[PDB]
Amino acid sequence: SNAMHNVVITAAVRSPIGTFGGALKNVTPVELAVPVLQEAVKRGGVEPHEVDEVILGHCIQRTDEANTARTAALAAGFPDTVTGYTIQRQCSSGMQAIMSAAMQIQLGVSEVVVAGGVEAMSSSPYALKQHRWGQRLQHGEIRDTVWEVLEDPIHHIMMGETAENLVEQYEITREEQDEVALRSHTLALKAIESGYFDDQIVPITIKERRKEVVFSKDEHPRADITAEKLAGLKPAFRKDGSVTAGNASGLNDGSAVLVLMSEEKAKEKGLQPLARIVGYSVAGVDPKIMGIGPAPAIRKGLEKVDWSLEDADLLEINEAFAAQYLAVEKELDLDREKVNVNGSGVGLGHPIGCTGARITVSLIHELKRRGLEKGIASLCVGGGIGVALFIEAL
Amino acid sequence: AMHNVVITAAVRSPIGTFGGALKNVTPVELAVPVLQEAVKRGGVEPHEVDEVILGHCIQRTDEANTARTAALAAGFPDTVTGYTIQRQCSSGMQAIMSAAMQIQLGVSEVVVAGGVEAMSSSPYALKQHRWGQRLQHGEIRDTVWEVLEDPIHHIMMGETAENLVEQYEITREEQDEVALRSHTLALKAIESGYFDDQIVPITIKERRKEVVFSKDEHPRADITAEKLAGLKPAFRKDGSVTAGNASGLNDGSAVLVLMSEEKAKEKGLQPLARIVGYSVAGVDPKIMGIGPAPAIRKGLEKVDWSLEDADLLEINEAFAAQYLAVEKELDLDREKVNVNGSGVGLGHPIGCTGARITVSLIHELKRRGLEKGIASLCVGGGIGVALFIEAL
Amino acid sequence: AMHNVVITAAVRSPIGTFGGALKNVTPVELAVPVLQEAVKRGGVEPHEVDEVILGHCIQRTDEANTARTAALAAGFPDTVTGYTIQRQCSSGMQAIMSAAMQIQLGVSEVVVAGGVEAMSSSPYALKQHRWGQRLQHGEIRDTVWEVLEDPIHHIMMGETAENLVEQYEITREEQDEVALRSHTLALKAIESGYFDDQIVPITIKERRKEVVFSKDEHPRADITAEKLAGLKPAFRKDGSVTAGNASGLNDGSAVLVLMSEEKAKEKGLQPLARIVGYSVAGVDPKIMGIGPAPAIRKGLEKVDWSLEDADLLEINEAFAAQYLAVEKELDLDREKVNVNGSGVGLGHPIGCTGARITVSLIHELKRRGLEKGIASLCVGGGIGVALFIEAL
Amino acid sequence: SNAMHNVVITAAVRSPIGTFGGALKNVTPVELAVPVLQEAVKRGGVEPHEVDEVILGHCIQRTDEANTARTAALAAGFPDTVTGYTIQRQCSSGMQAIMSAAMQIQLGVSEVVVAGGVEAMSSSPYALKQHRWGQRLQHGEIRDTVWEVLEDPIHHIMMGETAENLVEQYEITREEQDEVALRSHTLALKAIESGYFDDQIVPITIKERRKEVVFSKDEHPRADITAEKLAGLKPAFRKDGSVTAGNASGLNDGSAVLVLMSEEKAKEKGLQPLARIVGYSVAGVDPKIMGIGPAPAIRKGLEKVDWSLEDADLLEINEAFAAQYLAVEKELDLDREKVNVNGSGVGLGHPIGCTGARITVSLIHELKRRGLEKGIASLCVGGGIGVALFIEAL
Ligand SMILES: [K+]
Ligand SMILES: [K+]
Ligand SMILES: [K+]
Ligand SMILES: [K+]
Ligand SMILES: [K+]
Ligand SMILES: [K+]
């Protein structure tokens, strides 16, 4: 009679997503997480002291903000009792944070967990590898941590090259990629104008040197992205290639946070949750085609939760590259009309640590807006991993 | 679902000193041979491993996701996924706990979990290089020195130890007594061969040769009370915490193979130990060293043990003063604690240590023919973590 | 041998502010167009130039030997050799003196000489990168901030100015009076077109456009007594030296064509000026600003002038306080000194300035129809240099 | 009746030459100049207050020791009245310093000048060019100042490549280069053993962290350099090339200083000078074959002083590369038995700022040892310059 508690989600919020060198240029990951943590708890039906753990996914962790989760909890003014830990599973980090929170709740390790992800790519440092013991002679390299994290650590090829591998494998055309890219911006712009993201977005106040900036709207979507402009871009990873800056996701800044608790705890509190978690799955694939990860992850997960793919009402499949998304779409034979319905990574941006949580936030709110139930959120991961999360809106 | 968790292998590298044997080894490189040996001993083939989970404090973007990269570098199949955990000093212990959670829920059947830190090879960082320093001198930041500084209060871990010194009225002399004990017991354990079975030798390919690193290099054979008493305070002007009574900066990895009891029985394996419980407690970061006290008390309640039921404890010595605060607060029996030394004598490769002390505890329980163990450690940022095990 | 030295051209770039118009221009790039224009005006073809000598404070190993590299980059024949001089703030004036020495001895017949500084594009340095920092944080050093710090006493030039303030009992208010004058007279000179002939416009190729930089950008049209009086001391807590009464950090080049009087006559050229003498004096580095006093006195003896014989003087304002010490020590007639502004109003691109003030003095003597000029400046490290000229 | 004073040299001393990362690893240029300045003045027949100027040639100047000459004068304890300035003419910097001193003395600008050169290559810094205004994105370069100074700033080829240009032009063989290289070490070792350098060398005391090291002997010459070892080395600048690390000069540390004064001042003081300067010359050539500089410089200078080449009793022609030396030897048809008779740059090292002064120090002492009169010292210069100095031992 050992019990496994159902996991429900009582709040789901995010910062707007900044562009590289944009509104969040001078914000650290802890600074970017803090206001979102604060608003999540305010909406989530709990006081800070009731939070058992903060778990954050973070790709480019910083030693000056060791343990991003614990540091952000304290910086947010939460009691010293609110512990935290930080997760690195590359692009899926923010989704793994939610899964790890669910595990703690299912087991009764925690009753309430605040979980999500953050990435502040714009403020990420440069590194010197030979400074400690010396370069001795000849020129050295000062390494961009953002550019490093985009390079596979075993094969030393960029994520964009792994995308071109999928282009060749799945015979994906430049037109197909650019159609998806245009769609991503177009649907994002429409959602923004229609106010679809108003509820889920937490404005960030940036204290600059001589003023304060209130950042409240996603800044990656571009009205000037047209079929014409996309077709004129040069290939970014291979000569005679088709993956470009225009049909690839951006480098971006953002945070996203959910409040999760046992269903019994929500009943105790008299709270109507937004959604429940019904399952999650992780699958490993060839790092050289890491973008295909969501296919086996989704298949594995559907088997576990006893859904057909057709049962899903909406899906969020992160667009790391349009080509990568297209490979997943072709492999699973997805109905695009149910997928990324307000855009995805190409139009909205890809703050990597954040994204796995960001797409979950967006999915929850869009299911509710449409009055639909079943959602799948899934994304590829550098290093060759796919992760999928299965939810039901309440 | 709802499985019990057992441990079928528990191994570690020897612990290198800063700039020592492992000077030029990266965290992935240091994890790989220990991952391979653990799986070999743990009764499984690599394809049977569901997840590798590693605790790592100073993660590197050139080895993104240390656990997954190490799994691949170790030659494990692409199906063997991984993720990496940062809970500061307790990272390696949290990795074990996270593995246990997956196994308890039936998320995974077999998990390889532990921790690694390669402090000697950690980089330097420039924070103003991207957008420009503009004018005046800047700082090139040591990632090791950063990770030892509290990120909210901007004081070194050693200063948080001096806070405990003042709070618990701990003498310089008792700190040095504990430091001497740490080296002395470590040296005795090394001499007696207690660590022979748990240590995995590391081969380092140098310019003109290969070196085989097989023995812990931090313990000092000629350390003495007189030497310790002569040292200058390291963190406060009239202070008592010194380089001699503080843990070192060190390099090391440590790995366990965990699986469900069901899976062990199905494979006909006799596990070394089972996990009975685990607990985490948050405290004031300014006295982060006390973390193990509430964590242990919290965990004892959960597993329904009395403190006295424990046969052996490992409480990491981040600083002798910090250990002493815990000893005093819980009124521990020193003769059952850190019986073969701890961080001061053996070193503290931070990401690794939470797993390292668990490895050591498992093997010492077995050596003594004892059952119940507690492993626990403080965590920069104000956290205590505790793991409760029973040797089989 | 034993020739008289005349000057047939004297030109300069406009002076940019730090991070301003010349932000992305290197010293060679900034010297080139001014070298080319000087030679064009100076009555010679490039192949007739025997040597290019440039004063340069923050030399770069990627442009080794600034003078020779600039000569080549300017398209001058391979036969046109060069060398580069560091005598701190007086570097550009020393280049002129060294040119004169070569011409006097018949070592060279025609020399192009001057100075350059591109402070905005100067690099940062790491001193421990080669052999390693090992542990703890390091410094990434601003070469501009380094060059402004005395290398023996490790105090900023601004602090040496505060030493003169105390020594000569100079008020904050008189410093600000001089600072206001410097901007005011510079602005008037700019408005009246006094600098039109001497300035060589610089074209900067930016990402999407070309910019033509033709006017000095340091003078502040809206500077006032009230604004200056409100500023905080920059170098001492109860101090009087401020950012407003100190020279700026700036970018600029300045170049003269010199030759023997014999050579000028042979070429039928009418020179702008002749060099009558020059002098160098060493003083206490802690009050380096006073250098011009002994240098001027020493030189006056050599050329057999009285101070009163001078029609105009240029005494570089490194700091208003430093200028004031010189004015007081020599009992100068302010109405004959820095008549169109100086370093506070116009800027101080250090390698360039010793040549820049000479260019300016030559043209202002001519404009006023006056003969005798003295140009002089202080030098970090405790040196004063003075140049004595007669307009023709 | 304007007078031009004869220039005489009353002292000529040098540090031993350190190897890269060797005995002088942790010594700055000012530190390395100081003891040599001090000993020079002690031998030169003047008190420090009588010194009018210190002039030093220095290739890799440092902003933390601005104006190396003035800084070293003050650090040596010389009075504040002793001014100084620093010269950059690449490899000939140290020789130009002596020439500039001679000019001041000839003109009566100074009566006594201390002049020479210094280079501390081992302690030279690394530079970042994009740190001030930012790298923005992607990896950058941390630049070795030593490696930069060895690269031509117009053509961006290493000095070693300009040497290979001369190899091809003058049809110089690998054997010829290696014979010169072996000779350079062999003659240096012999001179050292015979005590030829005892008088001219000033020992340097290096204060290391836990001891003091007294460095008193040139450390570049190698007894293990053999014809066999040289022939086995790989080409360093061109595939199928012949310039190697073994037949090229090293990277080295050293200082060298002369005391110069008017002949009348020496007579006044009752001093017997070591030597007089009779002339000097500078010639510009193609930077791509900079190594040939000494040929036109020597020819130009001989015309000025009315010497035949045959009149010279000894020559020092710096060996930047054996190949470069060989081109000069072939062009001028030199008698090698009169040239570099105790070795040169390949065996002894090449601390670049120092070398032009170093070879002059060595020449003066060897002329005196052999009881000979006429000397020529000359060297090539990166950027395409040759410089020559003509002296008579007294
Ligand atoms: K919400
Ligand atoms: K084992
Ligand atoms: K976990
Ligand atoms: K002119
Ligand atoms: K000169
Ligand atoms: K001598």
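Each answer follows from the model by the rule given with it, or from the source it names; no laboratory read-out is quoted. Using ideal geometry, Cβ is built from the backbone for each residue, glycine included, and neighbour counts are taken over all protein chains shown.
Results, tabulated for the structure shown:
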| quantity | calculated |
| --- | --- |
| Residue within the stretch B:369-385 that is touching a residue at least 24 places away in the same chain (Cβ under 8 Å) and among the polar types (S, T, N, Q) present | yes |
| Number of the exception - residue D:240 against (1) in the same structural domain as residue D:23 (by CATH); (2) over 17 Å from residue D:177 (Cα atoms); (3) among the acidic types (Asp, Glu) | (2) |
| Out of A:191, A:223, sole residue that is more than 14 Å from chain B (Cβ to nearest Cβ), exposed (fewer than 14 other Cβ atoms within 10 Å of the Cβ), away from ligand 1 (no atom under 16 Å from the Cβ) and closer than 26 Å to residue A:321 by Cβ | A:223 |
| Yes/no for residue A:176 being more than 24 Å from residue A:316 (Cβ to Cβ) and either part of a helix (DSSP H, G or I) or of a type outside the set (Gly, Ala, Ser) (or both) | no |
| Filter pass, residue C:66 being closer than 21 Å to residue D:84 by Cα and free of Cβ contacts under 8 Å to residues at least 60 places away in the same chain | yes |
| Long-range neighbours under 7 Å by Cβ, at least six apart or interchain, first residue free of Cβ contacts under 8 Å to residues at least 60 places away in the same chain within the stretch D:200-217, second in a loop (DSSP other than H, G, I, E, B) | D:214/D:203 |
| Per-region count, the stretch D:49-66, residues in a helix (DSSP H, G or I) and either facing chain C (nearest Cβ under 7 Å) or under 20 Å from the mean Cα position of the chain (by Cα) (or both) | 3 |
| Residue within the stretch A:70-82 that is free of Cβ contacts under 8 Å to residues at least 12 places away in the same chain and either more than 16 Å from ligand 6 (Cβ to nearest atom) or surrounded by fewer than 22 Cβ atoms within 10 Å (Cβ to Cβ) (or both) present | yes |
| Single residue of A:30, A:41, A:109, A:46 found to be of a type in the set (A, V, I, L, M), part of a helix (DSSP H, G or I) and either within 7 Å of another protein chain (Cβ to nearest Cβ) or over 19 Å from residue A:352 (Cβ atoms) (or both) | A:41 |
| Members of the stretch B:372-392 found to be under 14 Å from residue B:272 (Cβ atoms) and of a type in the set (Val, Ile, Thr), listed by number | B:389 |
| Looking only at the stretch C:110-126, and only at residues there that are within 14 Å of chain A (Cβ to nearest Cβ) and in contact with a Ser or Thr (Cβ under 8 Å, 6 or more places away or on another chain), the one that is surrounded by the most Cβ atoms within 10 Å (Cβ to Cβ) | C:124 |
| Considering residues of the stretch D:67-105 that are charged (D, E, K, R) and over 17 Å from the mean Cα position of the chain (by Cα) only, the residue farthest from ligand 3 (Cβ to nearest atom) | D:80 |
| Residues satisfying the stated conditions in the stretch D:18-27, i.e. more than 17 Å from the chain's Cα centre (by Cα) and more than 10 Å from every other protein chain (Cβ to nearest Cβ) | D:22, D:23, D:27 |
| Some residue of the stretch B:35-56 being touching a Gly at 6+ places or on another chain (Cβ under 9 Å), of a type in the set (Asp, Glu) and at the interface with another protein chain (Cβ under 7 Å from one of its Cβ atoms) | no |
| Qualifying position, being out of contact with any helix residue (DSSP H, G or I) (no Cβ under 8 Å at 6 or more places or on another chain) and away from ligand 5 (no atom under 16 Å from the Cβ), among D:34, D:27, D:41, D:13 | D:27 |
| Elements of type helices (runs of 4 or more DSSP H) contained in the stretch B:146-246, each with 2 or more residues being over 25 Å from residue B:324 (Cβ atoms) and of a type outside the set (A, V, I, L, M, F, W, C) | B:172-192 |
| Verdict on residue B:22 being without any contact (Cβ under 8 Å) to a residue 40 or more places away in the chain, away from ligand 2 (no atom under 16 Å from the Cβ), buried (at least 24 other Cβ atoms within 10 Å of the Cβ) and in the same structural domain as residue B:113 (by CATH) | no |
| Qualifying residues in the stretch D:144-154 (those that are free of Cβ contacts under 8 Å to residues at least 24 places away in the same chain and surrounded by fewer than 22 Cβ atoms within 10 Å (Cβ to Cβ)) - the one farthest from the other protein chains (Cβ to nearest Cβ) | D:151 |
| Hey, residue D:162 part of a strand (DSSP E or B) and either in contact with a helix residue (DSSP H, G or I) (Cβ under 8 Å, 6 or more places away or on another chain) or more than 16 Å from ligand 4 (Cβ to nearest atom) (or both) or not | no |
| Filter pass, residue A:347 being within 14 Å of chain B (Cβ to nearest Cβ), small (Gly, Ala, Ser), away from ligand 4 (no atom under 16 Å from the Cβ) and not in a strand (DSSP E or B) | no |
| The stretch B:212-232, residues that are more than 14 Å from residue B:13 (Cα to Cα) and of a type outside the set (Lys, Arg) | B:219, B:221, B:222, B:223, B:224, B:225, B:226, B:228, B:229, B:230, B:231 |
| Options D:268, D:310, D:337; residue that is more than 21 Å from residue D:381 (Cα to Cα) and not assigned by CATH to the domain that holds residue D:181 | D:268 |
| Complete set of residues in the stretch C:28-60 that are within 16 Å of ligand 4 (Cβ to nearest atom), surrounded by fewer than 24 Cβ atoms within 10 Å (Cβ to Cβ) and under 18 Å from the mean Cα position of the chain (by Cα) | C:33 |
